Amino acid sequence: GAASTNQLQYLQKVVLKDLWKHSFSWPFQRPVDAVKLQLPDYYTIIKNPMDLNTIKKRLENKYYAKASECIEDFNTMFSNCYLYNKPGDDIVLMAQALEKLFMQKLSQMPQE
């Protein structure tokens, strides 16, 4: 159908799916469980938490009106990781590799 429809479909069927399949996706597949991970300060520091499963559900639920809103959530997920953690941390390296894949898939976003 319309370009906007193809774009949101692309984000769900290709971008989200390929990120999930990537070996470094596992920390981003669920919301941070602060009790489990022993991180009382996580939701003190991160006020706009985001994860791939939340994105998945929103795409399934037709929550986003346009592709840009979904891309915002992906970017928020990466930004959260960069903000909370420190340079050189393994989690940051992982996020950077995942983000690179994200950018590559974005570069092929249909416009017609």
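Counting begins at 1, following the sequence as shown. In this text, the rigid core denotes the largest set of C-alpha atoms whose superposition between the two forms falls within 1.5 Å.
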| item | value |
| --- | --- |
| Higher C-alpha RMS shift from the shown form in 9 other deposited structures of this protein - 58-66 or 39-47, rigid core fit | 39-47 |
| Positional deviation of Cα atoms in 9 other deposited structures of this protein after core superposition, greater for 24-32 or 74-82 | 24-32 |
| 59-67 or 29-37, whichever carries the higher mean Cα B-factor | 59-67 |
| Between 15-23 and 91-99 (mean CA B-factor, as deposited), the higher | 15-23 |
